[PDB]
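Please read the structure below before turning to the comments.
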RNA sequence: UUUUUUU
RNA sequence: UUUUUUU
RNA sequence: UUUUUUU
RNA sequence: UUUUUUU
């Protein structure tokens with residue numbers, strides 16, 4: 193036979209698309225070691241925006257590290273990398289992953305400027321909501337090592353920001 | 002005029018998403034099969050349900066032999082019976098994608114939800130058709146890929162307090178389904 | 193002087209617009225007399241959709257009366273009219289207002305078909321959210337009289353349905 | 002093939018919404034006035050506030066004499082002082098329309114929110130400018146009509162536990178405002 | 001419906 | 001820098 | 001950065 | 001009606 197599945201042809205005008213922006217704080221770092229993996233498509237916050245639609249696609253997406261007033265005196269290490277969600281790499285293997293970055297935040301000259309790390313949406317699947325579920329959407333891995341004698345306030349914040357294109361309203365009730 | 006941001010670049014490579022390659026090997030033969038299924042006998046007691054077309058037991062007896070199944074046409078129909086004139090019955094229904102969170106008791110709170118009064122002497126006992134829009138809802142109820150937006154019908158019905166013993170109307174769905182790609186099953 | 197206020201010229205591309213549909217049940221009628229006035233722009237449900245944007249305009253809007261299984265035996269009167277929100281007319285003066293309609297639902301032949309009453313958006317201000325507040329947005333007035341010996345279940349439902357065009361995201365927090 | 006709906010028509014008439022008619026009577030003379038206002042002295046204790054430009058007491062002393070006031074340019078600036086090198090201070094800020102529900106403690110959870118580390122030996126004590134985008138935010142802070150989307154600045158600052166007695170930096174806003182249409186006030 | 005708005 | 005003056 | 005994807 | 005056959 194050989195008839196898996198594609199879509200029927202778009203009937204008329206394609207549905208209108210709107211972009212909604214967002215910025216989310218994933219973590220406050222520097223007071224203790226930290227390591228997590230964040231699957232963007234499963235994020236609680238983004239889900240509230242996509243709940244009303246059938247199609248949601250990331251337009252731009254990036255992670256930013258913002259050093260705070262405690263970074264100068266308490267150098268902190270932050271490593272991170274973007275991988276498709278089906279990758280099995282863990283937060284402790286960032287430097288063993290192609291493209292993995294490790295930064296030294298604070299202590300030395302010029303080391304308090306914020307850092308941007310864009311996610312390459314041509315290397316990661318940007319569709320986080322559609323007629324079917326995808327397995328290769330963006331996942332961010334991050335690892336952080338803090339000073340043994342740590343501060344009581346974070347040395348930096350890790351956020352992600354971007355824009356999602358939303359389209360095709362998903363019928364829901366008003367109640 | 003320096004900027005206050007450092008840009009770090011994560012090395013890229015040539016890696017892309019993918020689905021199913023093209024047919025170019027002889028597009029499979031497609032057959033169209035008709036059906037009419039009675040979903041419910043209403044009017045003897047209140048009733049409410051949600052019917053996911055892709056999960057329906059009866060329709061599945063036809064699609065079980067194939068790997069691909071796509072609706073060509075689909076509609077719900079309410080057929081008043083000999084008990085409708087004396088026992089007016091309420092029937093409300095709406096068609097939504099299967100991933101909608103709407104429930105059978107919220108038909109009138111959903112865009113497009115309809116509520117009808119079936120029976121009543123003064124009324125009409127003409128049957129009513131409500132077509133499913135297959136350009137909004139995804140018509141592919143069976144494929145290599147699982148889709149989440151296939152047709153789901155929500156319905157609610159309220160019966161007279163002092164109800165009849167035979168139904169006042171029947172709710173059925175009817176259409177034609179395009180089938181292709183035999184799926185090996187046993188014959189025992 | 194004589195310099196009240198207009199807007200500065202649209203700089204570049206106009207912002208994208210999306211339409212979101214809705215249907216809301218305003219009332220279950222026929223079990224007792226009822227009378228209310230509904231200011232659309234102040235509606236709780238619609239507010240949840242417009243909360244994320246700066247501009248919201250009604251595209252289509254109508255009221256529908258849906259007779260139920262109790263209408264045949266319990267004729268009910270329903271009167272309604274659409275007026276700008278700054279009108280001081282009350283629900284009991286529908287027939288004393290230009291365009292006011294009064295319907296008899298149930299009891300007689302052909303009287304169980306649902307009824308649509310579209311709101312004229314060229315006679316009412318469709319902008320329910322913008323840079324300033326408007327005073328002439330849609331307001332629906334409705335009145336209903338029930339049988340003295342009323343049923344325990346409603347004889348009809350009053351709903352409103354339409355679509356709102358939303359645009360220009362309003363910056364909000366993710367928290 | 003009859004439909005199951007009755008359409009009722011509400012009689013219409015010629016009635017439309019309206020605002021302000023055109024100027025054509027001699028467009029009023031507009032003057033541009035410059036300003037620089039210190040909003041806060043930071044670094045001696047934690048601080049957080051929300052400043053609605055249209056409600057600011059100081060800026061209002063200039064706009065009180067006119068009926069129309071529109072920002073031509075506007076920016077916030079952080080100026081490190083002689084105490085910044087030894088007492089690093091955190092300052093976060095973002096510009097939002099006045100009708101935004103975001104609060105000063107949610108700067109980093111708002112699209113565009115910035116957080117800076119001021120001071121620190123290794124650091125730089127160069128002043129920082131953050132321009133307000135007057136094409137996103139409504140620049141008309143005073144008019145015949147009241148607008149809800151004028152510029153609002155949100156800021157948060159965290160100081161060292163063992164803080165200095167003099168501020169580590171000053172936060173100010175600066176720009177030019179176009180004024181027109183004298184508004185009669187008393188001179189006493 | 002108590003239909004004369006959308007030039 | 002708290003850069004929109006020098007047409 | 002541990003930069004060779006966007007033809 | 002539970003209307004998509006008669007090219």
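Protein chains in written order, with the working numbering: chain A, 193 to 367; chain B, 2 to 189; chain C, 193 to 367; chain D, 2 to 189. Every residue, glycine too, gets a C-beta built ideally from N, C-alpha and C.
- Per DSSP, the beta-bridge partners of residue 95 of chain B are B:155.
- Listed as beta-bridge partners of residue 78 of chain D by DSSP are D:130 and D:173.
- Within the same chain, and ignoring the five residues on either side of residue 217 of chain C in sequence, the residues whose Cβ sits closer than 7 Å to its Cβ are 349 and 351.
- Counting only runs that start and end inside the segment 12 to 70 of chain D, the alpha helix (DSSP H) elements of at least 4 residues fall at 58 to 64.
- Classified as exposed, residue 37 of chain D has fewer than 16 neighbouring CB atoms from the shown chains inside 10 Å of its CB.
- Here residue 30 of chain D is exposed: its Cβ has fewer than 16 other Cβ atoms, across all protein chains shown, within 10 Å.
- Approximately 5 Å separates the beta-carbon atoms of residue 318 of chain A and residue 249 of chain A; this is inside 8 Å, confirming the contact.
- By the Cβ-count criterion, residue 206 of chain A is exposed, with fewer than 16 other Cβ atoms from all chains shown falling within 10 Å of its own Cβ.
- If the five residues before and after residue 183 of chain B are omitted, its C-beta is found closer than 6 Å to no C-beta atom of its own chain.
- Between the alpha carbons of residue 357 of chain A and residue 85 of chain B lies a gap of roughly 49 Å.
- With a threshold of 8 Å between beta carbons, residue 222 of chain A makes no contact with chain D.
- Proximity of residue 159 of chain D to chain A, defined by a Cβ-Cβ separation below 8 Å, is satisfied.
- Taking 8 Å as the CB threshold, residue 129 of chain D lines the interface with chain B.
- Assignment of residue 287 of chain A by DSSP, reduced to helix, strand and coil, places it in the helix class.
- Sequence-ordered contacts of the segment 69 to 97 of chain D with chain C read 69 and 97 [C-beta pairs closer than 7 Å].
- With the rule of 3 Cβ pairs closer than 8 Å, the segment 118 to 130 of chain B counts as touching the segment 73 to 81 of chain B.
- Closest in alpha carbon position to residue 150 of chain D, among C:297, C:321 and C:296, is C:321.
- Rounded to whole angstroms, the separation of the alpha carbons of residue 136 of chain B and residue 297 of chain A is 53 Å.
- Within the same chain, Cβ atoms closer than 7 Å to the Cβ of residue 157 of chain D are found at 49, 93, 105, 106 and 108, the five residues on either side in sequence being excluded.
- If you compare the alpha carbons of A:231, A:244, A:224 and A:295 with that of residue 281 of chain A, the shortest gap goes to A:231.
- In the structure shown, residue 326 of chain A adopts coil according to DSSP, grouped into three states.
- Taking C-alpha positions only, residue 60 of chain D is separated from residue 241 of chain C by approximately 35 Å.
- Taking residue 95 of chain B as reference, the option from B:165, B:154, B:47 and B:176 with the minimal CA-CA separation is B:154.
- Between residue 251 of chain A and residue 353 of chain A, the gap from beta carbon to beta carbon reaches 8 Å or more.
- Shown here, residue 135 of chain D sits in coil according to DSSP, grouped into three states, outside any helix or strand.
- Only 290, 291, 292, 293 and 295 from the segment 278 to 300 of chain C bring a Cβ to less than 9 Å from some Cβ of chain D.
- Within chain A, the residues placing a beta-carbon under 8 Å from that of residue 124 of chain D are 264 and 304, ordered along the chain.
- Between residue 47 of chain B and residue 160 of chain B, the C-beta gap is smaller than 8 Å, which places the two residues in contact.
- Note on geometry: alpha-carbon atoms of residue 344 of chain A and residue 42 of chain D lie some 24 Å from one another.
- For the 8 Å CB-CB criterion, residue 147 of chain B and residue 194 of chain A do not form a contact.
- Taking the Cβ atoms as the reference, residue 275 of chain C lies roughly 12 Å from residue 293 of chain C, outside the contact range of under 8 Å.
- Counting other Cβ atoms within 10 Å of its Cβ, residue 288 of chain A stays below 16 and is therefore classed as exposed.
- Within chain A, no residue has its beta carbon less than 7 Å from that of residue 32 of chain B; the closest one is some 12 Å off.
- Judged by DSSP in its simplified three-state form, residue 268 of chain A adopts strand.
- Look at residue 349 of chain A: its C-beta is under 8 Å from a C-beta on chain D.
- Judged by DSSP in its simplified three-state form, residue 103 of chain D adopts coil rather than helix or strand.
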